[PDB]
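Next up, structure tokens for two forms of one chain, structure 1 and then structure 2.
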Structure 1
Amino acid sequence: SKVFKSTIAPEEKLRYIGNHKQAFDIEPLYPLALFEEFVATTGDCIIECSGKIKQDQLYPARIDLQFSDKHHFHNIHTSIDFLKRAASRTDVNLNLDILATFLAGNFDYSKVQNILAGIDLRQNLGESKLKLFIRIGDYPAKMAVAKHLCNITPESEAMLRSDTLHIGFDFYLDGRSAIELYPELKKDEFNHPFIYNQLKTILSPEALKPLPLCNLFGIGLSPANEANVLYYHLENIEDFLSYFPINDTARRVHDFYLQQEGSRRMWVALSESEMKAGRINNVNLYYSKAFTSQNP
């Protein structure tokens, strides 16, 4: 029946998503079933589950799938097929023009470094969105196009790096869309001495306090954001609560993932204003598990 073999069964990937749905009371929202049938068709991947917390409200129908192989053309085209199947519902409209602009011409797929596809679903259809992420490196023409779609000043444009850039696309089911750029610094960089004292001129000490816990730090820039979003990639999930005083709603998500098998790393995302507050009430939390075939 099957042609390609893997030590990973599709059921293992769907169980990880199912544990998340059971833990956070997720009932079917469109197009979650279509997304799970797409997940089941992938090869090696990382699956990332997330919660967004706003005061006492939890939005937990957030899943990203990262392709772990190098078949970039294939993985972008299967992800887009998922977007177009979702859009076939007559009362769903997706505006793909921003992605079309980014991929126009003779796009150089050998410059792609990373791809993810994902969802963030809500009870109101029009507030739900689909997601595509593409990381590129050393690709001047398309880094220029991404910067132009993001609509940032020439000052800020100058501060983005040229070797690598993570780029996200959001498609709401009522036709709204946005791009986000995520410039970043690795541990070796944000401890380089020219770099850090420069960081101290744009960010508060509160924002800098968690850096010893992290191996990656970044900032999300998007026309859709009300303020820049800070991103921290912690090396150890068990260090999180000592440095991030989150509220009880966020604590339910974190306490669950402290006991799930998977990665020991974690992302947290929040505005700088939240880092200066006594208690964090508005925060996103991300946890993941890898699915890699063991047959050599």
Structure 2
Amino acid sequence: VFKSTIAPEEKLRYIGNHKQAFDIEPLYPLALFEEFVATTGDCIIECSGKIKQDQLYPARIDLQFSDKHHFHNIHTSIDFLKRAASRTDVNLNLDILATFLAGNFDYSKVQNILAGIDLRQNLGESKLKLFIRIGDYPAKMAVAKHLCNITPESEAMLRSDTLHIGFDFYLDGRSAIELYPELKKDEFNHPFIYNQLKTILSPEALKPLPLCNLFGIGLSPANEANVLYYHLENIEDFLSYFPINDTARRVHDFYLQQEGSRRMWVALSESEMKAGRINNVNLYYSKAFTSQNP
């Protein structure tokens, strides 16, 4: 009769489990982000850990809006970014996002919105995140490609029908854009497309594809090399095929015990694919929150 709302406690429970698993202190602006999460409707929450050798960076949480209210979802997400940026010790520079959104932006061409954080004990190295997926939008695909410095060799990876765009805003004023072209299982398993992958990507980067239903590549001037994203169909497959170190294994062993998706994402570098032990890896786990009449 009325629109349903998922209780904030259910969403914050999932985030709270992650905070407790990895000893996350209330870094700024985690409390503001939890209030933001409380105000949302149906969503998917993604928690992740970034492993660098024996160092775990676990204060990484993204929210994906499940409904299609893209204009209003972007604007509540940006309102979070700007409120967090109000504190005098923080400097956020949203110029690259202002450039992307400039003019008469067509919000009917948006497909997904995500808002998130990656917080560090060193306030300056902390960042806020915004993701916008657009489809069939030539003008704004071109803007994003220009902001991302897409050269040939990289342009071949980008699709025309859809483009997942990420914005990173560091709390010291630095900012970066990232493009994430993706292929679905049905596409990368087709011999035409695989043979084009064989030219731009080593066999090592193609190795996990049988385990996945989605494959993506992160392209950003901020990256040392392209970042490979694998959406594993079965979280239980991970430790059989990837030789991760003890620090990453602690993250994964905890998430093997959690309620949530049966799938997971792993992100790695191609060089870290031609090597014995994986010591630089991001692991992403999620849980969906859906109600009866959202």
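Basically, rigid core = biggest C-alpha set you can superpose within 1.5 Å across the two forms. By convention here, residues take numbers in order along the sequence of structure 1, the first being 1.
Core-based superposition between structure 1 and structure 2 leaves all of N151, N191, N95, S156 but one with CA shifts under 2 Å; the exception is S156.
For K200, the Cα shift between structure 1 and structure 2 is 1.7 Å when the rigid core is held fixed in the overlay. Taking the core as the reference frame, the CA atom of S273 shifts 0.6 angstrom between structure 1 and structure 2.
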